[PDB]
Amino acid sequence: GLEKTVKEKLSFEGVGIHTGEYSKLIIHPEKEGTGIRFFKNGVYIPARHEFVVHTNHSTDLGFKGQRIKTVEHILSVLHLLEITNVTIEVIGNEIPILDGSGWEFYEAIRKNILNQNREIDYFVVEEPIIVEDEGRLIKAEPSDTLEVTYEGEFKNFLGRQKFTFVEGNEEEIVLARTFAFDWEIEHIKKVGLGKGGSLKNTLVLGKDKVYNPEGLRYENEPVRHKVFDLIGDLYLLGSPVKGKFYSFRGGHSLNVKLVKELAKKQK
């Protein structure tokens, strides 16, 4: 496939789920071979694993004293549409959460794709690999197409659920919203996070209840969102990824751990 950028500048704005502050994005077109990077207060922060500085409740990047929180969703949408060259200018300290999914980003960027004059240099998983952490596990193996399966084992009514994404089914995961369980809200607030969270941008679940009056968009919306997250974190490898992935209870921390190991193996 050929590298792609956006036809023109695209802007998005809104509160950040963690900072609770208003932030704005301006997605700028870039020439072939530029790659995906963020720009904040005069500093360019490449969308690569070397710049990850936090992964507990979001994937955050930083460089030279400048930090940007929650890049997982915008990066996942860019990965899914195979946008390879753009500069995401951020005026604020975090990417706007919007409705908690990648829908708005997806609809806008998809309508503004510009093919360029260079073959994409994909990151191709060359051999099987497995990373684990406290019962959580993620496996990656060779594949001509990006395939991602996420299996969750939740302590509430969700129980055991599984979802598989395959190329062409992008729309099945870009609408899945971020979620949190009521029993983890106290901790998130205590560590200085989740300041912008609300039922408008977060699916809040209880042991046996869904607080959002609109309910779930899909009975397995939570696992679809986790697949969406992994695809965003996988883009930290530096280019569109070709491989088959299986994540069991994975999260941003384990996702980045996998990315770093795959990168080391210069796979």
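The term rigid core refers to the maximal set of C-alpha atoms that superpose within 1.5 Å between the two forms. Don't overthink the numbering: it's just position in the shown sequence, from 1.
Between 187-195 and 98-106, the larger mean CA deviation from the shown form in 7 other deposited structures of this protein, after core superposition, belongs to 187-195. Looking at 211-219 and 233-241 together, the entry lists the larger mean B-factor for 211-219, computed on C-alpha atoms.
The question of which stretch, 50-58 or 202-210, has the higher mean Cα B factor is settled in favour of 202-210.
Comparing C-alpha B-factors across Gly100, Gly135, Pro96, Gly196 in the deposited entry, the largest value falls on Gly135. Within the selection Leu158, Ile173, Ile74, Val166, the deposited Cα B-factor values reach their highest point at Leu158. Placement of the Cα temperature factor of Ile17 within the chain: lowest third of the modelled residues, per the deposited record. Looking at the C-alpha B-factors along this chain, the one for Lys40 belongs to the middle third. Ranked by Cα temperature factor within the chain, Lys257 sits in the middle third according to the deposited record. The deposited CA B-factor of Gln66 belongs to the middle third of values across its chain. The entry lists a Cα temperature factor for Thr84 that places it in the lowest third of the chain's modelled residues.
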